[PDB]
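Everything below concerns the one structure shown next.
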Amino acid sequence: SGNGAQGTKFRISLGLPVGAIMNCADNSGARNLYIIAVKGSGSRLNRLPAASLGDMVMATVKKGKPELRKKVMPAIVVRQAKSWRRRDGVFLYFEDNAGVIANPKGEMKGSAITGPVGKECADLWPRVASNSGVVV
Amino acid sequence: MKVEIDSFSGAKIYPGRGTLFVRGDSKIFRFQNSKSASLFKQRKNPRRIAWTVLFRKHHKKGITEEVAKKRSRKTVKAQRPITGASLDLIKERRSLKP
Amino acid sequence: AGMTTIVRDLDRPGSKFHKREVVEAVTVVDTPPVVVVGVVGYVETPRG
Amino acid sequence: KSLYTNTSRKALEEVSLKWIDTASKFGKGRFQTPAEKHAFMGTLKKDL
Amino acid sequence: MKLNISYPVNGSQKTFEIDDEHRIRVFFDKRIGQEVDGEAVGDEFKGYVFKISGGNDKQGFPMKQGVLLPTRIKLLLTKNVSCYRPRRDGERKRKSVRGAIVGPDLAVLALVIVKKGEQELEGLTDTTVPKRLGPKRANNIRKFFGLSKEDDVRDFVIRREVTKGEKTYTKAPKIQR
RNA sequence: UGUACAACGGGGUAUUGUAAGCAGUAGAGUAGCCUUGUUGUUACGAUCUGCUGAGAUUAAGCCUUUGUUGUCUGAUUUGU
RNA sequence: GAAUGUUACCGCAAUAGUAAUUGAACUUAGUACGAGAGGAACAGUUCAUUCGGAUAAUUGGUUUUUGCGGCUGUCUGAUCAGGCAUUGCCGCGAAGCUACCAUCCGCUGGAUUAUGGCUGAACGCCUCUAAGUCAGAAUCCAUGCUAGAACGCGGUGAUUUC
RNA sequence: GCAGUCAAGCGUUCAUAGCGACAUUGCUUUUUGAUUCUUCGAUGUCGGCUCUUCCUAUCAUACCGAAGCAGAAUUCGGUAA
RNA sequence: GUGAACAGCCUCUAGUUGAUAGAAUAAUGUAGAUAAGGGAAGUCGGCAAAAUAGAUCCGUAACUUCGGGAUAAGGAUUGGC
Ligand SMILES: [Mg+2]
Ligand SMILES: [Mg+2]
Ligand SMILES: [Mg+2]
Ligand SMILES: [Mg+2]
Ligand SMILES: [Mg+2]
Ligand SMILES: [Mg+2]
Ligand SMILES: [Mg+2]
Ligand SMILES: [Mg+2]
Ligand SMILES: [Mg+2]
Ligand SMILES: [Mg+2]
Ligand SMILES: [Mg+2]
Ligand SMILES: [Mg+2]
Ligand SMILES: [Mg+2]
Ligand SMILES: [Mg+2]
Ligand SMILES: [Mg+2]
Ligand SMILES: [Mg+2]
Ligand SMILES: [Mg+2]
Ligand SMILES: [Mg+2]
Ligand SMILES: [Mg+2]
Ligand SMILES: [Mg+2]
Ligand SMILES: [Mg+2]
Ligand SMILES: [Mg+2]
Ligand SMILES: [Mg+2]
Ligand SMILES: [Mg+2]
Ligand SMILES: [Mg+2]
Ligand SMILES: [Mg+2]
Ligand SMILES: [Mg+2]
Ligand SMILES: [Mg+2]
Ligand SMILES: [Mg+2]
Ligand SMILES: [Mg+2]
Ligand SMILES: [Mg+2]
Ligand SMILES: [Mg+2]
Ligand SMILES: [Mg+2]
Ligand SMILES: [Mg+2]
Ligand SMILES: [Mg+2]
Ligand SMILES: [Mg+2]
Ligand SMILES: [Mg+2]
Ligand SMILES: [Mg+2]
Ligand SMILES: [Mg+2]
Ligand SMILES: [Mg+2]
Ligand SMILES: [Mg+2]
Ligand SMILES: [Mg+2]
Ligand SMILES: [Mg+2]
Ligand SMILES: [Mg+2]
Ligand SMILES: [Mg+2]
Ligand SMILES: [Mg+2]
Ligand SMILES: [Mg+2]
Ligand SMILES: [Mg+2]
Ligand SMILES: [Mg+2]
Ligand SMILES: [Mg+2]
Ligand SMILES: [Mg+2]
Ligand SMILES: [Mg+2]
Ligand SMILES: [Mg+2]
Ligand SMILES: [Mg+2]
Ligand SMILES: [Mg+2]
Ligand SMILES: [Mg+2]
Ligand SMILES: [Mg+2]
Ligand SMILES: [Mg+2]
Ligand SMILES: [Mg+2]
Ligand SMILES: [Mg+2]
Ligand SMILES: [Mg+2]
């Protein structure tokens, strides 16, 4: 979360520890995203930092345009798979893990988002909302 | 509060209960319990699983008195005439003959 | 006795669940009237 | 009884239950009452 | 939600706003076509029976008889069908539609009085509105008076008065067939 | 020796997914007998359908019970 | 767990242990300050991290419920119904256990340190200091919480006749 | 390795805000040496893993005093493990 | 019998039914299994484990001593009647 995240976010089961690869879900040129860090996360001997829906990770692009490969950049998680429970009572999960590459401000590199998008992310990152089709 | 229904079985899903699955095409599938959730994930077909609503609807199981008649009809009969013509000379010239 | 689930609207201005239903776990403890059968009177001492 | 008057806002909130779960806990409860369960299943081989 | 009630014996109509989800609750899971007794909704409506005919949800999408379902879906609609008016020959358009099962997501219900109640609904039972037009086709004039093919129609055709300041005029249809 | 306790049985609650049996103008079809068919007849046929959300299991650390059956003084020790 | 008459119930509390932690967002506020560029904080709100103590309504994991169904190979003449294959295999699977993979809960008084002060001499002036004194920290002592001295203790019940 | 005393200088001006030469007083025992007391009829190396506890010469967190502290940021210092 | 089979698994003939026993099912083990989401981030090192597999058809690269490499790789199919 953090910068350009106007809003707080209720907890959600961490689903993507460092090393997880998620689908890149925008039109930026990138096809996948490899998580190397989770922003806002904390310490514990041996614990992997892990992201959830609406989190900002640091990633690299394992597959995609070469202009996008070989460098670390920010991205936002938009779908999970690990189910999680909202305060309205429901356990829900998506069919894939996926994110969209973004700047520290939280603005999106690309211009569209392919797929549904979790509300908790939409709610958290205005630009992610703009470019979403179906939310949740 | 809204009771929901099982995409696979059509059981009622009371709040916080079973799971919700959002598929690639943003189609949303709701399960009441992991039984329906598994048969769904197993590409099983509800119309072939004998304990499901869908199966039962299809095989016409125990609908009985829904196909039984009803008593729903009206009993009106009233004039109004025609707007602009004097609705007073529309019942005195409405005396018929046959 | 046991546990079960509840549904209620939330009252909590500023929360993203202000005025929205939440489901919450709850316990139930069986509680028939209690019956009074004695009184015990204590006094203070330098030993408690 | 509490040992302090808690002023938490969280404590203070006045709840009003909108629904209490009442389906069986001995399995995946599908029904709140025998009535609801009859309404849904229709007549069985026992019954009337 | 708002109720849109019509008395089609008088060709009257007026809307009613019902708050209190308990009174509203009577219509839930009831479909279009299904009948609904009245007292539940209001103490005025005691006696009255309502037929559910349709309505709109928030965002305004119409209900569509026979979808079943209590949500919205997107359908391919054609000529000759509810919730669509084709712009062009053979045009079909995929459009969202609200189901025919009532839920609290509706902005308005459409109701159609089938049986009057123990008391009189204000601008409904107590006011009455005349049909706009009269029979234009020959035999329709015959039947709206019951005349046999002997009576000759030209005198039974309806005539509508209308003032031209200090001249009142009289214009009848144009019998056909 | 009683709102007792137990073993059964009953009812609820659960789990599975439609029991055995019988029947059928359901069935790719196949044999045999003639009286060689203006459904000829006698059986067989994976599977299907009906009776049938049936049958089975369900406290062994589920709930309940007006029913049935039974049980209800053996041993040891203790004092300012 | 012997022994301090027996046995039972309800309690006291010496001593020992002890626990909560950190961040962000909103708002304050584009404010104070600043030529500008920039740019805070206290009160209030919502969440989160690390930690702890439980708990199993829900969701998930486990399956000898060998509970129901399915499958292979063989064996019981067929049928029904079963046996064997170190739990034959598979799908579902109650109960129990269980997960920041699940939910819930984690208290408020006082005394102080540094430091800033009051009054005030020593030293006619002056000084927070010498006497006396105010305010004060994730500290300390209590509150609270866990054990309860098996040689610390209280209140109470009933106390055997062949 | 860590900390002082003097104060010529540094620091636009100004020794000591922050620093500090020539000298000089110490402290420490996770450096390395120097020694050879104990163990050669045995006290099984290095690292890591796990886990507890302790020290403070405090990196963060509470409260403060300084500043070449306007604000934001930072630096120096105290009570603090 | 299954099957390519002197494999594994089940069986007839023959032969055994020997291996202290009883009661419970705490920790920790030994041996056998399973795990949401992630997927080697663990570790000296993928150690251990998991994945793969039969057969029929399709289709197979660098390179080569022309023999190979090759079941390369990659796919589809498979019951009963
Ligand atoms: Mg794409
Ligand atoms: Mg480690
Ligand atoms: Mg490459
Ligand atoms: Mg745009
Ligand atoms: Mg499962
Ligand atoms: Mg389960
Ligand atoms: Mg349960
Ligand atoms: Mg004509
Ligand atoms: Mg007995
Ligand atoms: Mg059946
Ligand atoms: Mg036991
Ligand atoms: Mg009985
Ligand atoms: Mg004793
Ligand atoms: Mg603003
Ligand atoms: Mg300036
Ligand atoms: Mg911690
Ligand atoms: Mg379970
Ligand atoms: Mg079985
Ligand atoms: Mg048979
Ligand atoms: Mg044998
Ligand atoms: Mg063997
Ligand atoms: Mg915890
Ligand atoms: Mg307190
Ligand atoms: Mg003064
Ligand atoms: Mg002082
Ligand atoms: Mg003093
Ligand atoms: Mg003095
Ligand atoms: Mg504290
Ligand atoms: Mg004190
Ligand atoms: Mg406490
Ligand atoms: Mg004691
Ligand atoms: Mg005592
Ligand atoms: Mg050193
Ligand atoms: Mg000098
Ligand atoms: Mg100066
Ligand atoms: Mg100078
Ligand atoms: Mg030596
Ligand atoms: Mg030695
Ligand atoms: Mg020795
Ligand atoms: Mg030794
Ligand atoms: Mg040793
Ligand atoms: Mg110190
Ligand atoms: Mg200070
Ligand atoms: Mg100056
Ligand atoms: Mg400590
Ligand atoms: Mg100390
Ligand atoms: Mg022999
Ligand atoms: Mg032996
Ligand atoms: Mg043995
Ligand atoms: Mg033994
Ligand atoms: Mg796993
Ligand atoms: Mg992978
Ligand atoms: Mg590594
Ligand atoms: Mg890799
Ligand atoms: Mg490592
Ligand atoms: Mg190596
Ligand atoms: Mg290495
Ligand atoms: Mg290996
Ligand atoms: Mg597997
Ligand atoms: Mg090769
Ligand atoms: Mg075939």
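Lettering and numbering for the structure tokens are positional, with chains as A, B, ... in the shown order, residues counted from 1 in each chain, and ligands counted from 1 in the shown order.
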Near chain A, meaning an atom within 8 Å, which residues of chain G appear when counting only C-alpha atoms (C1' of nucleotides)? Write them as a PDB file with C-alpha atoms (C1' of nucleotides), in the first residue's frame.
```
ATOM      1  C1'   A G  24       0.238   4.331   7.803  1.00  0.00           C
ATOM      2  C1'   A G  25      -3.961   6.769   5.972  1.00  0.00           C
ATOM      3  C1'   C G  26      -7.944  10.516   6.777  1.00  0.00           C
ATOM      4  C1'   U G  46     -10.105   4.414  10.298  1.00  0.00           C
ATOM      5  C1'   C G  47      -7.029   0.592   9.522  1.00  0.00           C
ATOM      6  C1'   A G  48      -2.286  -2.062   9.708  1.00  0.00           C
ATOM      7  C1'   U G  49       2.818  -4.557  11.647  1.00  0.00           C
ATOM      8  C1'   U G  50       5.299  -7.551  15.259  1.00  0.00           C
ATOM      9  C1'   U G  58     -17.989 -19.728   9.332  1.00  0.00           C
ATOM     10  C1'   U G  59     -13.989 -21.111   5.232  1.00  0.00           C
ATOM     11  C1'   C G 100      -2.649 -14.625  10.458  1.00  0.00           C
ATOM     12  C1'   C G 101      -5.149 -20.344   5.550  1.00  0.00           C
TER      13        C G 101
END
```
May I ask you to extract the residues of chain G within 10 Å of chain B, using only C-alpha atoms (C1' of nucleotides), and to give them as JSON, numbers by chain? {"G": [57, 58, 59, 60, 91, 92, 93]}
Let me see if you get this right: every residue at most 9 Å from ligand 8, counting only C-alpha atoms (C1' of nucleotides) and all ligand atoms, written as an MDAnalysis selection string. chainID E and resid 137 175:177
Pick out the chain B residues within 8 Å of chain F. Count only C-alpha atoms (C1' of nucleotides). Give them as a ChimeraX atom specification. /B:49-51
Excluding same-chain residues fewer than 4 positions from residue 74 of chain B, what lies within 12 Å of it counting only C-alpha atoms (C1' of nucleotides), as a ChimeraX atom specification? /E:8-9,35,49-51,112-116
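Of note, atom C1' of residue 62 of chain G and atom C1' of residue 90 of chain G are spaced 17.5 Å apart.
Distances here use only C-alpha atoms (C1' of nucleotides) and all ligand atoms; by that measure, the residue among H:19, H:24, H:60, H:48 closest to ligand 57 is H:48.
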Going by DSSP on the backbone, which residues of segment 2-176 of chain E come out as helix (DSSP H, G or I)? List them as a short mmCIF file (atom, residue, chain, number, x, y, z; two decimals) with N, CA and C atoms, in the first residue's frame.
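Output below, filename out.cif:
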```cif
data_model
loop_
_atom_site.label_atom_id
_atom_site.label_comp_id
_atom_site.auth_asym_id
_atom_site.auth_seq_id
_atom_site.Cartn_x
_atom_site.Cartn_y
_atom_site.Cartn_z
N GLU E 21 -39.29 -1.83 5.23
CA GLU E 21 -38.94 -3.01 4.48
C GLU E 21 -39.91 -4.15 4.80
N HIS E 22 -40.60 -4.06 5.93
CA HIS E 22 -41.53 -5.10 6.32
C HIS E 22 -42.77 -5.10 5.46
N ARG E 23 -43.19 -3.90 5.07
CA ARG E 23 -44.39 -3.81 4.25
C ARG E 23 -43.95 -4.11 2.83
N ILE E 24 -42.77 -3.61 2.47
CA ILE E 24 -42.22 -3.87 1.16
C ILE E 24 -42.06 -5.38 0.95
N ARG E 25 -41.62 -6.07 2.01
CA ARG E 25 -41.19 -7.47 1.97
C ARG E 25 -42.19 -8.45 1.33
N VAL E 26 -43.47 -8.07 1.33
CA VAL E 26 -44.54 -8.93 0.79
C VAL E 26 -44.33 -9.29 -0.68
N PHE E 27 -43.80 -8.34 -1.44
CA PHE E 27 -43.57 -8.55 -2.86
C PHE E 27 -42.34 -9.41 -3.20
N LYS E 58 -33.04 0.41 -9.71
CA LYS E 58 -32.13 1.55 -9.71
C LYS E 58 -31.32 1.47 -10.99
N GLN E 59 -30.72 2.57 -11.42
CA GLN E 59 -30.19 2.63 -12.80
C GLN E 59 -31.27 2.46 -13.88
N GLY E 60 -32.53 2.25 -13.48
CA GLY E 60 -33.68 2.24 -14.37
C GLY E 60 -33.99 1.11 -15.36
N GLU E 122 -57.67 6.91 -3.02
CA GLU E 122 -57.91 8.29 -3.44
C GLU E 122 -58.04 8.50 -4.95
N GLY E 123 -57.03 9.04 -5.61
CA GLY E 123 -57.13 9.30 -7.03
C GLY E 123 -57.19 8.08 -7.94
N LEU E 124 -57.86 7.02 -7.48
CA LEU E 124 -57.88 5.75 -8.21
C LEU E 124 -59.30 5.26 -8.45
N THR E 125 -59.97 4.87 -7.37
CA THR E 125 -61.35 4.41 -7.47
C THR E 125 -62.30 5.59 -7.61
N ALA E 138 -66.10 -0.07 -39.47
CA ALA E 138 -67.56 -0.20 -39.55
C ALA E 138 -68.12 -1.13 -38.49
N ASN E 139 -67.70 -2.39 -38.53
CA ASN E 139 -68.30 -3.37 -37.65
C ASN E 139 -67.95 -3.15 -36.18
N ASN E 140 -66.83 -2.49 -35.92
CA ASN E 140 -66.48 -2.13 -34.55
C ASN E 140 -67.46 -1.12 -33.96
N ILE E 141 -67.93 -0.19 -34.79
CA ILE E 141 -69.04 0.68 -34.42
C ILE E 141 -70.28 -0.17 -34.17
N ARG E 142 -70.47 -1.20 -34.98
CA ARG E 142 -71.62 -2.08 -34.81
C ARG E 142 -71.57 -2.73 -33.43
N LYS E 143 -70.43 -3.33 -33.09
CA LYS E 143 -70.33 -4.08 -31.84
C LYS E 143 -70.32 -3.19 -30.59
N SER E 148 -76.59 -5.17 -35.55
CA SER E 148 -76.86 -5.97 -36.76
C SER E 148 -76.39 -5.22 -38.02
N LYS E 149 -76.37 -5.89 -39.18
CA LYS E 149 -76.10 -5.15 -40.42
C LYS E 149 -77.42 -4.62 -41.04
N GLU E 150 -78.17 -3.86 -40.24
CA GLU E 150 -79.40 -3.20 -40.69
C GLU E 150 -79.46 -1.72 -40.28
N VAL E 153 -74.54 2.77 -40.06
CA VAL E 153 -73.60 3.22 -39.03
C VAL E 153 -73.51 4.74 -38.87
N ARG E 154 -73.50 5.48 -39.98
CA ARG E 154 -73.14 6.91 -39.97
C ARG E 154 -73.68 7.77 -38.81
N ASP E 155 -74.69 7.28 -38.10
CA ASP E 155 -75.30 8.05 -37.02
C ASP E 155 -74.81 7.60 -35.65
#
```
